[PDB]
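Visitor: The file below is query-v5.txt, compact mmCIF, C-alpha atoms:
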# COMPACT_ATOMS: atom_id res chain seq x y z
CA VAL A 41 3.13 302.32 43.07
CA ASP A 42 5.09 299.31 41.80
CA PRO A 43 7.88 299.39 44.42
CA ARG A 44 5.15 299.47 47.08
CA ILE A 45 3.58 296.15 46.09
CA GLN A 46 7.11 294.87 45.42
CA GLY A 47 8.35 295.45 48.97
CA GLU A 48 5.02 294.26 50.34
CA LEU A 49 5.10 290.94 48.48
CA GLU A 50 8.75 290.46 49.40
CA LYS A 51 7.89 290.89 53.07
CA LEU A 52 5.01 288.41 52.83
CA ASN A 53 7.40 286.04 51.06
CA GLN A 54 9.67 286.20 54.09
CA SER A 55 6.54 285.65 56.19
CA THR A 56 5.44 282.45 54.43
CA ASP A 57 9.03 281.18 54.54
CA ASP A 58 8.86 281.67 58.31
CA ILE A 59 5.56 279.76 58.26
CA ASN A 60 7.20 276.81 56.49
CA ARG A 61 10.04 276.82 59.03
CA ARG A 62 7.63 276.74 61.98
CA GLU A 63 5.62 273.96 60.31
CA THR A 64 8.64 271.70 59.91
CA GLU A 65 9.60 272.57 63.49
CA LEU A 66 6.16 271.51 64.76
CA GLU A 67 6.22 268.22 62.86
CA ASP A 68 9.66 267.45 64.27
CA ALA A 69 8.40 268.28 67.77
CA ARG A 70 5.40 265.93 67.61
CA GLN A 71 7.47 263.16 66.03
CA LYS A 72 9.85 263.54 68.97
CA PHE A 73 6.90 263.35 71.38
CA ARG A 74 5.67 260.04 69.96
CA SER A 75 8.88 258.04 70.49
CA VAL A 76 9.11 259.29 74.06
CA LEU A 77 5.53 258.30 74.87
CA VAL A 78 5.86 254.81 73.37
CA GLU A 79 9.13 254.42 75.29
CA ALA A 80 7.17 255.27 78.43
CA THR A 81 4.61 252.68 77.36
CA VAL A 82 7.04 249.79 76.92
CA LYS A 83 9.02 250.62 80.07
CA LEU A 84 5.82 250.86 82.12
CA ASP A 85 4.67 247.53 80.68
CA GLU A 86 7.97 245.77 81.40
CA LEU A 87 8.19 247.12 84.96
CA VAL A 88 4.61 246.01 85.60
CA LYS A 89 5.56 242.64 84.12
CA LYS A 90 8.37 242.50 86.69
CA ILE A 91 6.14 242.50 89.77
CA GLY A 92 2.43 243.22 89.31
CA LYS A 93 1.07 242.10 92.68
CA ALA A 94 3.29 244.55 94.54
CA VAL A 95 2.12 247.48 92.40
CA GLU A 96 -1.58 246.60 92.46
CA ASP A 97 -1.33 246.21 96.24
CA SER A 98 0.65 249.46 96.44
CA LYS A 99 -1.99 251.60 94.71
CA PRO A 100 -4.37 251.83 97.72
CA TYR A 101 -1.53 253.27 99.82
CA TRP A 102 -0.95 256.04 97.29
CA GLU A 103 -4.71 256.63 97.21
CA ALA A 104 -4.85 257.06 100.99
CA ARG A 105 -1.80 259.32 100.77
CA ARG A 106 -3.52 261.57 98.22
CA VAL A 107 -6.69 261.72 100.34
CA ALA A 108 -4.60 262.54 103.40
CA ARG A 109 -2.85 265.33 101.48
CA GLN A 110 -6.16 266.82 100.35
CA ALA A 111 -7.41 266.73 103.94
CA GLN A 112 -4.07 268.29 104.90
CA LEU A 113 -4.47 271.30 102.63
CA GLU A 114 -8.10 271.73 103.71
CA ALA A 115 -7.27 271.52 107.43
CA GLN A 116 -4.40 273.98 106.97
CA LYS A 117 -6.70 276.45 105.23
CA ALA A 118 -9.29 276.10 108.00
CA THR A 119 -6.62 276.71 110.65
CA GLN A 120 -5.28 279.83 108.92
CA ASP A 121 -8.78 281.24 108.42
CA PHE A 122 -9.50 280.63 112.10
CA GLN A 123 -6.33 282.53 113.03
CA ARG A 124 -7.39 285.49 110.88
CA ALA A 125 -10.81 285.40 112.55
CA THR A 126 -9.21 285.44 116.01
CA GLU A 127 -7.11 288.47 115.04
CA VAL A 128 -10.17 290.31 113.70
CA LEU A 129 -12.06 289.68 116.94
CA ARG A 130 -9.03 290.82 118.96
CA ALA A 131 -8.89 294.18 117.18
CA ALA A 132 -12.67 294.60 117.22
CA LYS A 133 -12.70 294.12 121.00
CA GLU A 134 -9.61 296.25 121.62
CA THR A 135 -11.39 299.16 119.93
CA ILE A 136 -14.36 298.94 122.30
CA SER A 137 -11.96 298.53 125.23
CA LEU A 138 -10.24 301.84 124.48
CA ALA A 139 -13.58 303.51 123.73
CA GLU A 140 -14.95 302.35 127.08
CA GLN A 141 -11.80 303.60 128.81
CA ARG A 142 -12.52 307.00 127.26
CA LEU A 143 -15.94 307.09 128.95
CA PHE A 151 -14.33 314.86 119.50
CA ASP A 152 -16.62 312.49 121.40
CA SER A 153 -18.88 312.11 118.36
CA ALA A 154 -16.14 310.42 116.34
CA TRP A 155 -15.49 308.05 119.24
CA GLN A 156 -19.20 307.27 119.47
CA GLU A 157 -19.44 306.51 115.75
CA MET A 158 -16.29 304.39 115.88
CA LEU A 159 -17.34 302.26 118.86
CA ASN A 160 -20.84 301.97 117.38
CA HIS A 161 -19.55 300.63 114.06
CA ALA A 162 -17.21 298.30 115.95
CA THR A 163 -19.96 297.00 118.24
CA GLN A 164 -22.09 296.57 115.12
CA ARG A 165 -19.37 294.45 113.54
CA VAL A 166 -18.52 292.29 116.57
CA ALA A 167 -21.66 290.18 116.08
CA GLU A 168 -20.70 289.03 112.59
CA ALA A 169 -17.19 288.72 114.01
CA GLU A 170 -18.41 286.21 116.60
CA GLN A 171 -20.44 284.32 113.99
CA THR A 172 -17.40 284.01 111.73
CA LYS A 173 -15.45 282.90 114.81
CA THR A 174 -17.89 280.06 115.51
CA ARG A 175 -17.99 278.98 111.86
CA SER A 176 -14.19 279.07 111.62
CA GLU A 177 -13.64 277.04 114.78
CA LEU A 178 -16.24 274.36 114.01
CA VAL A 179 -14.92 274.01 110.46
CA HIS A 180 -11.43 273.84 111.95
CA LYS A 181 -12.42 271.00 114.28
CA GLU A 182 -14.14 269.04 111.51
CA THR A 183 -11.24 269.45 109.08
CA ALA A 184 -8.73 268.37 111.73
CA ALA A 185 -10.88 265.33 112.53
CA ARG A 186 -11.11 264.10 108.93
CA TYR A 187 -7.44 264.94 108.64
CA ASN A 188 -6.28 262.74 111.50
CA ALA A 189 -8.71 260.00 110.52
CA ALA A 190 -7.17 259.84 107.05
CA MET A 191 -3.72 259.85 108.68
CA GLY A 192 -4.79 256.88 110.81
CA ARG A 193 -6.08 254.83 107.90
CA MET A 194 -2.92 255.69 105.98
CA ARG A 195 -0.88 254.51 108.97
CA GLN A 196 -2.63 251.14 109.26
CA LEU A 197 -2.22 250.85 105.49
CA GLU A 198 1.52 251.52 105.71
CA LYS A 199 1.66 248.79 108.36
CA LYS A 200 0.42 246.18 105.88
CA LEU A 201 2.17 247.40 102.72
CA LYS A 202 5.84 247.73 103.67
CA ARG A 203 6.87 245.10 101.12
CA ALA A 204 4.84 246.39 98.18
CA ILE A 205 5.25 250.18 98.15
CA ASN A 206 9.06 249.95 98.30
CA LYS A 207 8.99 247.82 95.17
CA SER A 208 6.53 250.12 93.42
CA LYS A 209 8.34 253.34 94.36
CA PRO A 210 10.83 253.37 91.45
CA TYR A 211 8.10 252.43 88.96
CA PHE A 212 5.98 255.37 90.07
CA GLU A 213 8.86 257.86 90.19
CA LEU A 214 9.87 256.83 86.65
CA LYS A 215 6.24 257.10 85.54
CA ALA A 216 6.16 260.56 87.13
CA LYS A 217 9.32 261.77 85.38
CA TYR A 218 8.14 260.54 81.99
CA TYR A 219 4.74 262.09 82.71
CA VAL A 220 6.04 265.59 83.40
CA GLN A 221 8.43 265.27 80.45
CA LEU A 222 5.70 264.33 77.96
CA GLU A 223 3.51 267.01 79.56
CA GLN A 224 6.04 269.76 78.85
CA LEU A 225 6.55 268.34 75.35
CA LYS A 226 2.82 268.50 74.58
CA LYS A 227 2.78 272.06 75.96
CA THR A 228 5.58 272.95 73.54
CA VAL A 229 3.71 271.40 70.61
CA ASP A 230 0.55 273.30 71.52
CA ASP A 231 1.94 276.82 71.96
CA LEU A 232 4.24 276.35 68.95
CA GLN A 233 1.27 275.39 66.77
CA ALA A 234 -0.61 278.43 68.08
CA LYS A 235 2.25 280.77 67.15
CA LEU A 236 2.31 279.10 63.73
CA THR A 237 -1.37 279.89 63.28
CA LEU A 238 -0.66 283.50 64.24
CA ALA A 239 2.09 283.66 61.61
CA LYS A 240 -0.42 282.37 59.06
CA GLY A 241 -2.68 285.21 60.15
CA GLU A 242 0.10 287.72 59.48
CA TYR A 243 0.88 286.32 56.01
CA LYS A 244 -2.83 286.39 55.20
CA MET A 245 -2.97 290.01 56.35
CA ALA A 246 -0.19 290.91 53.93
CA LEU A 247 -2.24 289.22 51.20
CA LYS A 248 -5.24 291.31 52.22
CA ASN A 249 -3.04 294.38 51.84
CA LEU A 250 -2.23 293.16 48.34
CA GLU A 251 -5.95 292.96 47.57
CA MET A 252 -6.43 296.44 49.02
CA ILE A 253 -3.73 297.97 46.83
CA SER A 254 -5.03 296.06 43.81
CA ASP A 255 -8.36 297.74 44.56
CA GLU A 256 -6.57 301.08 44.93
CA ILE A 257 -4.69 301.18 41.62
CA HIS A 258 -7.49 300.31 39.19
CA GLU A 259 -9.51 303.10 40.81
CA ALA A 260 -6.58 305.46 40.25
Take the structure I supplied and represent it as C-alpha cells, if you would.

Guide:
Amino acid sequence: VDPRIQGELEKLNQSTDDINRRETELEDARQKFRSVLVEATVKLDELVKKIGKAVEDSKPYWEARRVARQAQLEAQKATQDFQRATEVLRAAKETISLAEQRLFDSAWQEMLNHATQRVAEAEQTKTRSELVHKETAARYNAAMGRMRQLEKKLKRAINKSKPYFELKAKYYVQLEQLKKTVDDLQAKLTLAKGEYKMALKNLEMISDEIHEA
C-alpha cells in the first residue's frame, strides 16, 4: 500500500504548491490595488485643490439629476404596468363581447362567468395603475423642473466639475473590479486549501487503515 500513499502525497504536494502560487498572486493583486487607490486619492485631492467652489456648487446638480433619474425609472415602471393593465382589461372585455354575441353552451357560460368574475379585480388594478401612473409622472416632472432651474444657475460650475467626476468614476469602477478580483481569487485560494486539507485527511484515513491491517 506504499505506492498508494506515495502517489497521494505527491498529488497533495502539487496541491500545496498551487496554494503557494495563488497566495503570491493574491498578495501581488492587493499590492497593485493599493497604489491605484492612493493615486486616485492624490489626483482627487489635487483636482479639488484646483477649483473647490465649482465642485461644491456642482454637487447639488448631480443630486437633483440622480433624484430625477430615480423618478424616471419609477414613472417608466408605472407607465408599463398601466399598459399591461389596459391590455388585460381589453382581453377580459373582448371575451364577454364574443360571449354576448353568442347569446357546448356550458363551456361558454363557464368562460364568460370566470371572465366577468375577473373584470372587477381588473378594473381595480386599472384604477390603481392609472393613479400611481399620474403620481409618478407628477413627481417625475417636478424633479425635472427643479433640475432645470438648477441647471440655469450652475452652468459655470458643472462644466468645470465634469472631468473631475468622470475621472473619479473611471478610477472608481477600476478599483471596484480590482477589489472583486482580490475577493474571488482569495476565495478560490481558500477552496484550494480545502482540497489540500482533504488530501491530508485521506492520509489520516489510510494511516488508520494500515495499522488495522

Visitor: Taking 4 positions as the minimum chain separation for residues in the same chain, which residues sit within 10 Å of stretch 219-232 of chain A when counting only C-alpha atoms? Answer as a VMD selection string.

Guide: chain A and resid 62 to 63 65 to 70 72 to 74 76 to 77 80 213 to 215 236 to 238

Visitor: Give as number ranges by chain each residue that has an atom at most 12 Å from (-4.0, 263.3, 100.8) in the file, counting all atoms listed in the file.

Guide: A: 100-115, 186-194

Visitor: Print the selection's residues with C-alpha atoms to a file, as a compact mmCIF listing (two decimals), in the frame of the given file.

Guide:
# COMPACT_ATOMS: atom_id res chain seq x y z
CA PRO A 100 -4.37 251.83 97.72
CA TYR A 101 -1.53 253.27 99.82
CA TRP A 102 -0.95 256.04 97.29
CA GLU A 103 -4.71 256.63 97.21
CA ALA A 104 -4.85 257.06 100.99
CA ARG A 105 -1.80 259.32 100.77
CA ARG A 106 -3.52 261.57 98.22
CA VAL A 107 -6.69 261.72 100.34
CA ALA A 108 -4.60 262.54 103.40
CA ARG A 109 -2.85 265.33 101.48
CA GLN A 110 -6.16 266.82 100.35
CA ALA A 111 -7.41 266.73 103.94
CA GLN A 112 -4.07 268.29 104.90
CA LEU A 113 -4.47 271.30 102.63
CA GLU A 114 -8.10 271.73 103.71
CA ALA A 115 -7.27 271.52 107.43
CA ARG A 186 -11.11 264.10 108.93
CA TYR A 187 -7.44 264.94 108.64
CA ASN A 188 -6.28 262.74 111.50
CA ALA A 189 -8.71 260.00 110.52
CA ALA A 190 -7.17 259.84 107.05
CA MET A 191 -3.72 259.85 108.68
CA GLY A 192 -4.79 256.88 110.81
CA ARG A 193 -6.08 254.83 107.90
CA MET A 194 -2.92 255.69 105.98

Visitor: Could you check the closest approach to residue A:163 for each of A:137, A:46, A:233, A:54 and tell me which residue wins, using all atoms listed in the file?

Guide: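 Among A:137, A:46, A:233, A:54, it is A:137 that comes nearest to residue A:163.
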
Visitor: So what do you get for atom CA of residue A:243 versus atom CA of residue A:258, distance-wise?

Guide: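 Computing the Euclidean distance for atom CA of residue A:243 and atom CA of residue A:258 yields 23.4 Å.
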
Visitor: Would you pick out the contacts of residue A:84 at 12 Å or less, using all atoms listed in the file, so that residues sharing its chain but fewer than 5 positions from it are not included, and give the list as number ranges by chain?

Guide: A: 77-79, 89-92, 95, 208, 210-219

Visitor: Kindly indicate which residue among A:43, A:165, A:99, A:85 lies nearest to residue A:209, using only C-alpha atoms for the distances.

Guide: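 Of A:43, A:165, A:99, A:85, the one nearest residue A:209 is A:99, counting only C-alpha atoms.
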
Visitor: Take atom CA of residue A:247 and atom CA of residue A:64 and report the distance between them in Å, one decimal.

Guide: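 Straight-line distance from atom CA of residue A:247 to atom CA of residue A:64 works out to 22.4 Å.
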
Visitor: In Å, rounded to a single decimal, give me how far atom CA of residue A:172 is from atom CA of residue A:117.

Guide: 14.6 Å

Visitor: With distances taken over only C-alpha atoms, which residue among A:246, A:204, A:253, A:239 lies nearest residue A:57?

Guide: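 Distance minimum relative to residue A:57 lands on A:239.
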
Visitor: Go through A:200, A:195, A:51, A:173 one by one, measure the shortest atom-to-atom distance of each to residue A:118 using all atoms listed in the file, and give the residue with the smallest value.

Guide: A:173

Visitor: Can you work out which one of A:177, A:86, A:152, A:96 has the shortest atom-to-atom distance to residue A:121, counting all atoms listed in the file?

Guide: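 Closest candidate: A:177.
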
Visitor: Provide an axis-aligned box for all listed atoms of stretch 187-194 of chain A, padding each side by 3 Å; report its centre and its edge lengths in Å to one decimal, as AutoDock Vina command-line options.

Guide:
--center_x -5.8 --center_y 259.9 --center_z 108.7 --size_x 11.8 --size_y 16.1 --size_z 11.5

Visitor: Between A:179, A:138, A:201, A:132, single out the one closest to residue A:161, counting all atoms listed in the file.

Guide: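 Among A:179, A:138, A:201, A:132, it is A:132 that comes nearest to residue A:161.
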